[PDB]
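A.B. asks: As input, take protein_4.txt (compact mmCIF, C-alpha atoms and all ligand atoms):
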# COMPACT_ATOMS: atom_id res chain seq x y z
CA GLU W 1 0.00 0.00 0.00
CA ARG W 2 2.05 2.97 -1.39
CA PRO W 3 0.63 6.46 -0.39
CA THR W 4 -0.22 9.48 -2.52
CA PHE W 5 2.00 12.52 -2.37
CA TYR W 6 1.38 16.19 -3.04
CA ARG W 7 3.91 18.99 -3.68
CA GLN W 8 4.23 22.61 -2.54
CA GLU W 9 7.00 25.15 -2.15
CA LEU W 10 7.82 26.62 1.22
CA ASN W 11 10.66 29.15 1.63
CA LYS W 12 12.66 28.30 -1.53
CA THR W 13 12.13 24.52 -1.05
CA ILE W 14 9.94 21.82 -2.61
CA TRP W 15 8.10 19.54 -0.15
CA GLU W 16 6.58 16.36 -1.50
CA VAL W 17 4.71 14.56 1.29
CA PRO W 18 1.96 11.96 1.78
CA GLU W 19 -1.57 13.41 1.94
CA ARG W 20 -1.76 12.15 5.52
CA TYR W 21 0.26 15.21 6.54
CA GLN W 22 -1.63 18.44 6.05
CA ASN W 23 -1.26 22.21 6.84
CA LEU W 24 2.53 22.34 6.60
CA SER W 25 3.77 25.41 8.52
CA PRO W 26 7.49 26.27 8.30
CA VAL W 27 8.91 26.52 11.84
CA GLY W 28 12.71 26.56 11.29
CA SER W 29 15.77 25.76 9.14
CA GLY W 30 19.60 25.27 9.36
CA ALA W 31 22.32 23.63 7.20
CA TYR W 32 21.16 20.11 8.27
CA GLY W 33 17.54 20.46 7.03
CA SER W 34 14.29 22.33 7.48
CA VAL W 35 11.16 21.44 9.43
CA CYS W 36 7.43 22.13 9.07
CA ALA W 37 4.68 21.71 11.59
CA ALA W 38 1.85 19.58 10.18
CA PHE W 39 -1.38 17.91 11.12
CA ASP W 40 -1.15 14.10 10.83
CA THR W 41 -4.66 13.09 9.67
CA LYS W 42 -3.95 9.47 10.55
CA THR W 43 -3.29 10.04 14.27
CA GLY W 44 -4.81 13.49 14.72
CA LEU W 45 -1.52 14.58 16.30
CA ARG W 46 0.52 17.71 15.55
CA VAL W 47 3.86 16.62 14.06
CA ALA W 48 7.16 17.92 12.79
CA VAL W 49 8.23 16.90 9.34
CA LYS W 50 11.99 17.39 8.68
CA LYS W 51 13.32 17.52 5.19
CA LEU W 52 17.01 16.71 5.11
CA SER W 53 19.06 19.29 3.32
CA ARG W 54 21.41 17.71 0.70
CA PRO W 55 21.42 14.27 2.28
CA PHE W 56 23.69 12.63 -0.27
CA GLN W 57 25.92 15.50 -1.34
CA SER W 58 29.18 13.79 -0.24
CA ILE W 59 30.33 10.65 1.56
CA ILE W 60 30.40 12.73 4.78
CA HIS W 61 26.76 13.86 4.22
CA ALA W 62 25.45 10.47 3.09
CA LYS W 63 27.10 8.84 6.14
CA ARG W 64 25.58 11.57 8.38
CA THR W 65 22.11 10.89 6.89
CA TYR W 66 22.36 7.17 7.44
CA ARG W 67 23.54 7.76 11.06
CA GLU W 68 20.68 10.19 11.81
CA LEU W 69 18.17 7.74 10.37
CA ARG W 70 19.69 4.86 12.37
CA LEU W 71 19.71 6.76 15.72
CA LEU W 72 16.18 8.00 15.33
CA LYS W 73 14.88 4.58 14.32
CA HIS W 74 16.43 3.12 17.44
CA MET W 75 15.17 5.64 20.01
CA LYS W 76 12.09 4.26 21.75
CA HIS W 77 11.68 5.89 25.14
CA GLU W 78 9.47 8.61 26.53
CA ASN W 79 12.32 11.05 27.34
CA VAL W 80 14.08 10.70 23.92
CA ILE W 81 12.84 11.91 20.56
CA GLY W 82 11.51 9.12 18.37
CA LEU W 83 10.34 8.56 14.89
CA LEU W 84 6.68 8.42 13.94
CA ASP W 85 7.42 8.07 10.28
CA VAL W 86 10.12 8.33 7.68
CA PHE W 87 9.44 8.50 3.97
CA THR W 88 10.63 9.44 0.56
CA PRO W 89 8.81 10.41 -2.59
CA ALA W 90 11.10 8.08 -4.63
CA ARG W 91 9.60 4.84 -5.97
CA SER W 92 13.01 3.16 -6.28
CA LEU W 93 16.63 3.55 -5.23
CA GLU W 94 17.63 4.99 -8.55
CA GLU W 95 15.31 8.01 -8.01
CA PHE W 96 15.90 8.22 -4.22
CA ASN W 97 17.04 11.73 -3.48
CA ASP W 98 15.04 13.11 -0.58
CA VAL W 99 14.60 12.04 3.05
CA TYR W 100 11.81 13.19 5.35
CA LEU W 101 11.66 12.40 9.07
CA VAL W 102 8.43 12.76 11.09
CA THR W 103 8.25 13.26 14.86
CA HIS W 104 5.90 14.52 17.58
CA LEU W 105 5.74 18.30 17.64
CA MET W 106 7.14 19.78 20.82
CA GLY W 107 5.89 22.91 22.58
CA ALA W 108 9.22 24.63 23.14
CA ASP W 109 12.86 23.98 24.02
CA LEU W 110 14.47 24.46 27.45
CA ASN W 111 15.62 28.01 26.72
CA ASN W 112 11.99 29.05 26.09
CA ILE W 113 11.61 28.51 29.90
CA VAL W 114 15.24 29.36 31.10
CA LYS W 115 15.20 33.01 29.86
CA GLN W 116 12.86 33.13 34.48
CA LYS W 117 14.43 30.53 36.80
CA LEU W 118 12.45 27.44 37.68
CA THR W 119 11.21 26.32 41.04
CA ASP W 120 13.17 23.53 42.72
CA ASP W 121 10.42 21.06 41.93
CA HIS W 122 10.46 21.80 38.24
CA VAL W 123 14.23 21.33 38.30
CA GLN W 124 13.75 17.95 39.91
CA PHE W 125 11.35 16.80 37.20
CA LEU W 126 13.21 18.24 34.24
CA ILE W 127 16.58 16.91 35.23
CA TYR W 128 14.87 13.67 36.21
CA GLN W 129 13.61 13.17 32.76
CA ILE W 130 16.97 14.02 31.13
CA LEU W 131 18.76 11.42 33.24
CA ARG W 132 16.02 8.90 32.62
CA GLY W 133 16.59 9.58 28.86
CA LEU W 134 20.37 9.47 29.31
CA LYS W 135 20.30 6.09 31.08
CA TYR W 136 18.41 4.66 28.11
CA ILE W 137 20.76 6.16 25.43
CA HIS W 138 23.86 5.30 27.47
CA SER W 139 22.62 1.72 27.96
CA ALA W 140 22.69 1.48 24.14
CA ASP W 141 26.36 2.51 24.05
CA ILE W 142 25.49 5.86 22.49
CA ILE W 143 26.77 9.17 23.75
CA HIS W 144 24.81 12.36 23.20
CA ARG W 145 27.90 14.61 23.34
CA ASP W 146 26.02 17.84 22.72
CA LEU W 147 23.45 18.17 25.56
CA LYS W 148 22.31 21.79 26.03
CA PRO W 149 19.01 23.59 26.69
CA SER W 150 18.32 24.07 22.96
CA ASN W 151 18.53 20.30 22.46
CA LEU W 152 15.90 19.57 25.10
CA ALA W 153 12.23 19.82 24.30
CA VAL W 154 9.71 20.60 26.97
CA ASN W 155 5.88 20.69 26.93
CA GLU W 156 3.53 22.71 28.99
CA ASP W 157 3.10 19.47 30.99
CA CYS W 158 6.82 19.75 31.82
CA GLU W 159 7.30 16.51 29.87
CA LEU W 160 10.88 16.57 28.53
CA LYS W 161 12.45 14.93 25.43
CA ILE W 162 16.13 14.70 24.47
CA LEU W 163 16.39 15.82 20.87
CA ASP W 164 19.01 15.32 18.20
CA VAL W 165 23.41 29.32 23.45
CA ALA W 166 27.00 28.03 22.63
CA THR W 167 27.71 24.31 22.78
CA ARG W 168 31.04 25.05 24.50
CA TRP W 169 29.33 26.23 27.71
CA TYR W 170 28.08 22.65 28.41
CA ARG W 171 31.08 20.63 27.05
CA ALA W 172 32.89 18.32 29.46
CA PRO W 173 36.44 19.59 30.02
CA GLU W 174 38.00 16.41 28.63
CA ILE W 175 36.28 17.11 25.34
CA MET W 176 37.61 20.71 25.55
CA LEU W 177 41.09 19.21 26.04
CA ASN W 178 40.56 16.89 23.10
CA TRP W 179 40.75 13.55 24.85
CA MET W 180 39.95 10.68 22.44
CA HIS W 181 38.72 8.26 25.15
CA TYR W 182 35.97 10.07 26.96
CA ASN W 183 33.12 8.03 28.42
CA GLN W 184 29.30 8.57 28.50
CA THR W 185 29.67 10.80 31.57
CA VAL W 186 30.52 13.69 29.25
CA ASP W 187 26.76 13.97 29.07
CA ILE W 188 26.49 13.95 32.86
CA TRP W 189 28.77 16.97 32.84
CA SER W 190 26.35 18.77 30.49
CA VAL W 191 23.40 17.80 32.67
CA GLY W 192 25.31 19.29 35.58
CA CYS W 193 25.74 22.56 33.65
CA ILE W 194 22.13 22.63 32.54
CA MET W 195 20.91 21.75 36.06
CA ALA W 196 22.96 24.57 37.57
CA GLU W 197 21.49 26.99 35.05
CA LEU W 198 17.91 26.01 35.95
CA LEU W 199 18.68 26.66 39.64
CA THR W 200 20.39 30.06 39.43
CA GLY W 201 19.04 31.41 36.13
CA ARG W 202 22.61 31.82 34.87
CA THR W 203 24.94 29.93 32.61
CA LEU W 204 27.44 28.29 34.86
CA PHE W 205 30.35 28.33 32.41
CA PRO W 206 29.70 31.02 29.84
CA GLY W 207 33.21 31.16 28.37
CA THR W 208 34.21 33.31 25.41
CA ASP W 209 36.40 30.49 23.93
CA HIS W 210 37.91 27.09 24.90
CA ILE W 211 40.74 28.57 26.96
CA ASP W 212 38.32 30.78 28.86
CA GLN W 213 35.88 27.85 29.12
CA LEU W 214 38.61 25.94 30.98
CA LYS W 215 39.42 28.94 33.17
CA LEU W 216 35.80 29.23 34.42
CA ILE W 217 35.38 25.50 34.96
CA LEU W 218 38.58 25.26 36.94
CA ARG W 219 37.52 28.21 39.02
CA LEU W 220 34.65 26.16 40.36
CA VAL W 221 36.06 22.67 40.29
CA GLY W 222 39.68 23.35 41.24
CA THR W 223 42.93 22.26 39.54
CA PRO W 224 43.37 18.44 39.19
CA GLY W 225 44.78 16.24 42.01
CA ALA W 226 47.73 13.89 42.05
CA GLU W 227 45.34 11.12 41.16
CA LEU W 228 44.01 12.83 38.04
CA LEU W 229 47.36 13.87 36.48
CA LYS W 230 48.46 10.33 37.20
CA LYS W 231 45.98 9.39 34.40
CA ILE W 232 46.56 11.89 31.61
CA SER W 233 48.35 10.21 28.71
CA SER W 234 49.15 13.43 26.83
CA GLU W 235 52.40 15.27 27.69
CA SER W 236 51.20 18.73 26.56
CA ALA W 237 47.82 18.33 28.23
CA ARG W 238 49.56 17.34 31.45
CA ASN W 239 51.89 20.37 31.33
CA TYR W 240 49.22 22.90 30.46
CA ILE W 241 47.37 21.82 33.61
CA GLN W 242 50.50 22.11 35.85
CA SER W 243 51.33 25.34 33.97
CA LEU W 244 48.16 26.90 35.30
CA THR W 245 47.58 28.80 38.49
CA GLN W 246 46.42 26.18 41.04
CA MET W 247 42.76 26.92 41.83
CA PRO W 248 41.20 25.30 44.94
CA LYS W 249 37.87 23.51 44.66
CA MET W 250 34.95 25.71 45.52
CA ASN W 251 32.47 24.48 48.01
CA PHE W 252 29.31 24.21 45.93
CA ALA W 253 27.18 25.09 48.94
CA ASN W 254 28.93 28.51 48.80
CA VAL W 255 28.19 29.06 45.15
CA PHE W 256 24.68 27.87 44.57
CA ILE W 257 23.65 29.60 47.73
CA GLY W 258 19.99 29.34 48.56
CA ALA W 259 19.74 26.16 46.47
CA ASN W 260 18.43 22.91 47.79
CA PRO W 261 21.17 20.93 49.64
CA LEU W 262 20.20 17.77 47.81
CA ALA W 263 20.61 19.65 44.54
CA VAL W 264 24.01 20.93 45.61
CA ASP W 265 25.10 17.38 46.41
CA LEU W 266 24.12 16.00 42.98
CA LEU W 267 25.97 18.88 41.31
CA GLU W 268 28.98 18.00 43.44
CA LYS W 269 28.72 14.44 42.06
CA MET W 270 28.16 15.57 38.42
CA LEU W 271 30.67 18.36 38.03
CA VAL W 272 33.76 16.36 38.97
CA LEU W 273 36.72 17.02 36.72
CA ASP W 274 37.82 13.40 36.79
CA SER W 275 35.32 11.62 34.58
CA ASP W 276 36.23 8.29 36.13
CA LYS W 277 34.62 9.40 39.40
CA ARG W 278 31.68 11.16 37.83
CA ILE W 279 28.22 9.95 38.65
CA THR W 280 26.42 7.94 35.95
CA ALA W 281 22.87 8.39 34.65
CA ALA W 282 21.73 5.17 36.37
CA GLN W 283 23.33 6.14 39.63
CA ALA W 284 22.09 9.74 39.47
CA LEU W 285 18.52 8.55 39.06
CA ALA W 286 18.78 6.74 42.42
CA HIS W 287 20.02 9.97 44.13
CA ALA W 288 17.69 11.22 46.82
CA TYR W 289 17.11 14.53 45.03
CA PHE W 290 14.64 12.53 42.85
CA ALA W 291 12.92 10.78 45.76
CA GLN W 292 9.56 11.93 44.47
CA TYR W 293 10.10 10.50 40.91
CA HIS W 294 12.61 7.65 40.96
CA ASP W 295 11.19 4.21 40.09
CA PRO W 296 13.76 1.54 39.15
CA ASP W 297 10.90 -0.41 37.52
CA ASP W 298 10.15 2.45 35.16
CA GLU W 299 13.61 3.50 34.02
CA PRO W 300 14.10 1.13 31.06
CA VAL W 301 17.42 0.40 29.29
CA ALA W 302 17.61 0.09 25.43
CA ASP W 303 18.07 -2.60 22.83
CA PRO W 304 21.68 -2.93 21.73
CA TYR W 305 22.60 -0.46 19.04
CA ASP W 306 24.73 -1.70 16.10
CA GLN W 307 27.44 0.96 15.60
CA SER W 308 29.67 -1.15 13.40
CA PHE W 309 28.90 1.05 10.40
CA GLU W 310 30.81 3.97 11.94
CA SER W 311 34.00 2.07 11.15
CA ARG W 312 33.07 1.54 7.50
CA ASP W 313 34.46 3.57 4.67
CA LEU W 314 31.89 3.27 1.88
CA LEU W 315 30.83 5.13 -1.31
CA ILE W 316 28.05 7.73 -1.48
CA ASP W 317 25.71 5.37 -3.37
CA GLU W 318 26.41 2.70 -0.79
CA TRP W 319 25.46 4.91 2.16
CA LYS W 320 22.61 6.04 -0.01
CA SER W 321 21.39 2.48 -0.41
CA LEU W 322 21.83 1.57 3.19
CA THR W 323 19.73 4.62 4.02
CA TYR W 324 17.23 3.58 1.38
CA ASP W 325 16.93 0.20 3.16
CA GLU W 326 16.39 1.88 6.52
CA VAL W 327 13.69 4.00 4.92
CA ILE W 328 11.89 0.92 3.60
CA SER W 329 12.21 -1.30 6.69
CA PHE W 330 10.72 1.31 9.06
CA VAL W 331 7.71 0.02 10.96
CA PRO W 332 5.58 2.80 12.54
CA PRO W 333 5.25 2.66 16.32
CA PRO W 334 1.96 1.25 17.76
CA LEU W 335 -0.65 4.08 18.09
CA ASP W 336 -2.04 6.03 21.17
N1 LIG P 401 17.93 20.38 18.53
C1 LIG P 401 16.81 20.46 17.82
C2 LIG P 401 16.04 21.63 17.85
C3 LIG P 401 14.85 21.68 17.10
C4 LIG P 401 14.43 20.57 16.32
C5 LIG P 401 13.25 20.58 15.55
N2 LIG P 401 12.50 21.71 15.54
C6 LIG P 401 11.08 21.82 15.17
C7 LIG P 401 10.22 21.99 16.44
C8 LIG P 401 10.34 20.72 17.27
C9 LIG P 401 11.05 20.76 18.47
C10 LIG P 401 11.15 19.58 19.19
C11 LIG P 401 10.57 18.38 18.74
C12 LIG P 401 9.87 18.36 17.54
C13 LIG P 401 9.75 19.54 16.81
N3 LIG P 401 12.90 19.48 14.84
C14 LIG P 401 13.69 18.39 14.85
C15 LIG P 401 13.31 17.24 14.16
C16 LIG P 401 12.06 17.19 13.54
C17 LIG P 401 11.62 16.03 12.88
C18 LIG P 401 12.47 14.93 12.90
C19 LIG P 401 13.72 14.97 13.54
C20 LIG P 401 14.14 16.12 14.18
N4 LIG P 401 14.80 18.36 15.61
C21 LIG P 401 15.20 19.40 16.33
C22 LIG P 401 16.38 19.35 17.07
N1 LIG P 402 41.06 8.65 33.37
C1 LIG P 402 41.00 9.90 32.88
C2 LIG P 402 40.10 10.79 33.47
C3 LIG P 402 39.99 12.09 32.98
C4 LIG P 402 40.81 12.51 31.92
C5 LIG P 402 40.71 13.82 31.46
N2 LIG P 402 39.78 14.64 32.00
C6 LIG P 402 39.99 15.98 32.54
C7 LIG P 402 40.50 16.90 31.47
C8 LIG P 402 40.98 18.18 32.11
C9 LIG P 402 41.65 18.17 33.33
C10 LIG P 402 42.09 19.38 33.89
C11 LIG P 402 41.87 20.62 33.27
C12 LIG P 402 41.19 20.63 32.05
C13 LIG P 402 40.75 19.41 31.49
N3 LIG P 402 41.49 14.17 30.42
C14 LIG P 402 42.38 13.32 29.87
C15 LIG P 402 43.14 13.73 28.78
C16 LIG P 402 43.02 15.03 28.32
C17 LIG P 402 43.75 15.42 27.18
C18 LIG P 402 44.58 14.54 26.51
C19 LIG P 402 44.69 13.23 26.97
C20 LIG P 402 43.96 12.83 28.10
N4 LIG P 402 42.49 12.05 30.31
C21 LIG P 402 41.71 11.62 31.32
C22 LIG P 402 41.82 10.31 31.81
Starting from the file, give its structure as structure tokens.
Ligand SMILES: Nc1ccc2c(NCCc3ccccc3)nc(-c3ccccc3)nc2c1
Ligand SMILES: Nc1ccc2c(NCCc3ccccc3)nc(-c3ccccc3)nc2c1

C.D. replies:
Amino acid sequence: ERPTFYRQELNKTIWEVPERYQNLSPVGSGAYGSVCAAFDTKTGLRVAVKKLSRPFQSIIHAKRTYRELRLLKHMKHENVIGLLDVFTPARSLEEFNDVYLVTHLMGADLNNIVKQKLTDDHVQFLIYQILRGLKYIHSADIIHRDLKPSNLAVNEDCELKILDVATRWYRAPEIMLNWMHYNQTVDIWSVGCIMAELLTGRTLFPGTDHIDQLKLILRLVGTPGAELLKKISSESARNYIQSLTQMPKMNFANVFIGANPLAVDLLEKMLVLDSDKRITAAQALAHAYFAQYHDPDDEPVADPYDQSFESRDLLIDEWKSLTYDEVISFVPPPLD
């Protein structure tokens, strides 16, 4: 049962979509693709339809498209963005050019509430959901790597989704230092930064560049111990650190003053410089700060995610075809 498509131009771009999606309203664009709000006549839900910009321009782009399609197809959890549909107007591989992704429409992102400073209880729920999302994603051996308020969608219900304001502000220091072997807890660092911003109303580490980013972080967290330097493989990294003016750790209680002690303690456990000691998503969920939300029965892990393709050097048409297969094999999620 192949659907019937109709065309239309919105802001310099042709959209060919299945009749099922109606009233396409442009709501944004970037170099990755553009998005319209739509009414899905099949489910009666408001959706976002994304049209990938230039999906198969180069090997880099084609391998990006396939990766985006693969991640979205895998995500099946209430606190992570998922895929209601994916389609193409093409009737065969040979004419396959365009990729459209469909997803629930979301009310606003986390800035559209940040810019205002939330009550403690809202902070609990918001950060709860992010961690609950993170546990899932991390369980699948996937790292977000770019968590920040603009990548978090929030309803008027305060229901939060992790989606696919400078990035650098929320980057774990070991990414700033260019470490190749960072773990999942780079996301926990970002959660820490986002959490601190919801409590105080202010960006914790609003650095002008990477050097400055490091200066501000170290001002709160202190210069590394014996034990941390003991574990840096990189000679220049190691000497930069020693090079710098030894900052002592701040007492977080003296920084986020007025904030909930249980909040200050989770921040302590999230914003540790040494990512080996940093609290994990699973562990953070069981922290008492989320006493009123935590439920180990209702914090599911994910199916394993096959990442073997990342190591594959293939041709554009090959990525193109693999993508084509992922388009075809999509099974829509079971309805409301
Ligand atoms: N970091 C972001 C920021 C904004 C985005 C955006 N914006 C449209 C409004 C919307 C916001 C939140 C949820 C749905 C819609 N749409 C999409 C998207 C759409 C369809 C398929 C895959 C991805 N991703 C976004 C990722
Ligand atoms: N077990 C670990 C644990 C943490 C690590 C870490 N994280 C802190 C980075 C940092 C510390 C102090 C000030 C700014 C940033 N960085 C590095 C590292 C960095 C660069 C090149 C090679 C390796 N290795 C780590 C090995």

A.B. asks: Enumerate as JSON, numbers by chain the residues within 10 Å of ligand LIG 401 (chain P), counting only C-alpha atoms and all ligand atoms.

C.D. replies: {"W": [26, 27, 28, 29, 30, 32, 33, 34, 35, 36, 37, 46, 47, 48, 49, 50, 51, 52, 68, 69, 72, 80, 81, 82, 83, 84, 85, 86, 100, 101, 102, 103, 104, 105, 106, 107, 108, 109, 146, 147, 148, 149, 150, 151, 152, 153, 154, 155, 160, 161, 162, 163, 164]}

A.B. asks: May I ask which of the residues W:204, W:38, W:142, W:130 is the closest one to residue W:310, counting only C-alpha atoms?

C.D. replies: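 That would be W:142, the residue with the smallest distance to residue W:310.
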
A.B. asks: With only C-alpha atoms counted, which protein, DNA or RNA residues have an atom no more than 12 Å from (1.0, 3.9, -3.9) in the file frame? Please answer as a ChimeraX atom specification.

C.D. replies: /W:1-5,18-19,88-91

A.B. asks: Which residues of stretch 100-202 of chain W have any atom within 9 Å of an atom in stretch 251-269 of chain W when counting all atoms listed in the file, and what is the closest pair of atoms for each, with the distance in Å to one decimal? Order the rows by chain and rising number and write it as a Markdown table.

C.D. replies:
| residue | atom | partner | partner_atom | distance |
| --- | --- | --- | --- | --- |
| W:120 | CA | W:260 | CA | 7.3 |
| W:124 | CA | W:263 | CA | 8.4 |
| W:192 | CA | W:267 | CA | 5.8 |
| W:193 | CA | W:267 | CA | 8.5 |
| W:195 | CA | W:267 | CA | 7.8 |
| W:196 | CA | W:267 | CA | 7.4 |
| W:199 | CA | W:259 | CA | 6.9 |
| W:200 | CA | W:256 | CA | 7.0 |

A.B. asks: For stretch 256-307 of chain W versus stretch 219-222 of chain W, which residues have an atom no more than 10 Å away, and what is each residue's nearest atom pair and distance in Å rounded to one decimal, using all atoms listed in the file, chain-then-number order, as a Markdown table?

C.D. replies:
| residue | atom | partner | partner_atom | distance |
| --- | --- | --- | --- | --- |
| W:268 | CA | W:221 | CA | 9.0 |
| W:271 | CA | W:221 | CA | 7.3 |
| W:272 | CA | W:221 | CA | 6.8 |
| W:273 | CA | W:221 | CA | 6.7 |

A.B. asks: Within 12 Å of residue W:297, counting only C-alpha atoms, which residues show up once you throw out same-chain ones fewer than 4 positions away? Write them as a list in words, please.

C.D. replies: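 Listed by chain and then number, they are residues 132, 285, 286, 293 and 301 of chain W.
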
A.B. asks: Using all atoms listed in the file, which residues of the polymer chains come no farther than 7 Å from ligand LIG 402 (chain P)? I'd like the answer as an MDAnalysis selection string.

C.D. replies: chainID W and resid 173:174 176:179 214 218 223:224 228 231:234 237 241 273:276

A.B. asks: Using all atoms listed in the file, can you tell me which of W:98, W:247, W:39, W:303 comes closest to residue W:65?

C.D. replies: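 Nearest to residue W:65: W:98.
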
A.B. asks: Nearest to residue W:169: which of W:213, W:184, W:22, W:119 is it, counting only C-alpha atoms?

C.D. replies: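 Ranked by minimum distance to residue W:169, first place goes to W:213.
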
A.B. asks: Would you mind telling me which residue in W:290, W:240, W:170, W:15 lies nearest to residue W:216 when using all atoms listed in the file?

C.D. replies: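 Closest to residue W:216, using all atoms listed in the file: W:170.
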
A.B. asks: Suppose you want the space between atom CA of residue W:299 and atom CA of residue W:187; what is it in Å?

C.D. replies: 17.5 Å

A.B. asks: Distance atom CA of residue W:75-atom CA of residue W:137, one decimal place?

C.D. replies: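 Between atom CA of residue W:75 and atom CA of residue W:137 the gap is 7.8 Å.
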
A.B. asks: Tell me, as an MDAnalysis selection string, which residues lie within 8 Å of residue W:320, counting only C-alpha atoms; anything in the same chain fewer than 2 positions away does not count.

C.D. replies: chainID W and resid 56 62 66 316:318 322:324

A.B. asks: Name the closest residue to residue W:197 among the candidates W:312, W:7, W:181, W:115; distances are taken between atoms, counting all atoms listed in the file.

C.D. replies: W:115

A.B. asks: Out of W:17, W:24, W:143, W:175, which residue has the shortest atom-to-atom distance to residue W:307 when counting all atoms listed in the file?

C.D. replies: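 Checking each candidate against residue W:307, we get W:143 as the closest.
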
A.B. asks: Can you tell me how far atom CA of residue W:333 sits from atom CA of residue W:300, in Å to one decimal?

C.D. replies: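 Going from atom CA of residue W:333 over to atom CA of residue W:300 covers 17.3 Å.
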